[PDB]
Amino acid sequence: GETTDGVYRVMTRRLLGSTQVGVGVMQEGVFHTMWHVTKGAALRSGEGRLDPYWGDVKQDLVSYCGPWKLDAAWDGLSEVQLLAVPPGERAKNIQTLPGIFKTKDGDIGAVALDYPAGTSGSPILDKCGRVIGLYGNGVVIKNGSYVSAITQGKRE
């Protein structure tokens, strides 16, 4: 089916009506989403089928038709844009300066923006429009608000 670069909605008809379970990025003929969105299930695009190629429950990441392609990183300084894609609603850039996840294994960029769980997989951009990671895996803070990692995969 449709292989054009850009951002896509991830839908099911297994519930009432058509329900948006998450979001993803097509780049270099590979589709990139978060594991908790598809659970490593195959996807349809027109009459076409997308089969999983790579995934890791711990990174919460998964690629379709080829290896992970997105190798851009937050510089740890500049602001970024969440290209958010919410259920029922049009794509919308939201600009922010990321905070930090401090972990035993390292520091990770984090974006404090709160959106329905169906927005999981929406990409995050540097000033050159390169994808530096995916929104939708993180944590609930004191206030009850949501804070997501900038989740990025490794390219070969």
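All residue numbers refer to positions in the sequence shown, first residue = 1.
Taking the mean C-alpha B-factor of each stretch as recorded, 119-127 and 43-51 are not equal, and the higher mean is that of 43-51. Of the two segments, 93-101 and 23-31, the one listed with the higher mean B-factor is 93-101 (C-alpha atoms only). Among the modelled residues of its chain, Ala110 has a C-alpha B-factor that falls in the middle third according to the deposited record. When all modelled residues of the chain are sorted by CA temperature factor, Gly88 is found within the highest third. In this PDB entry, the Cα temperature factor of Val147 sits in the top third of its chain's modelled residues, the highest group. Remark: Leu134 belongs to the lowest third of its chain, ranked by C-alpha B-factor as recorded.
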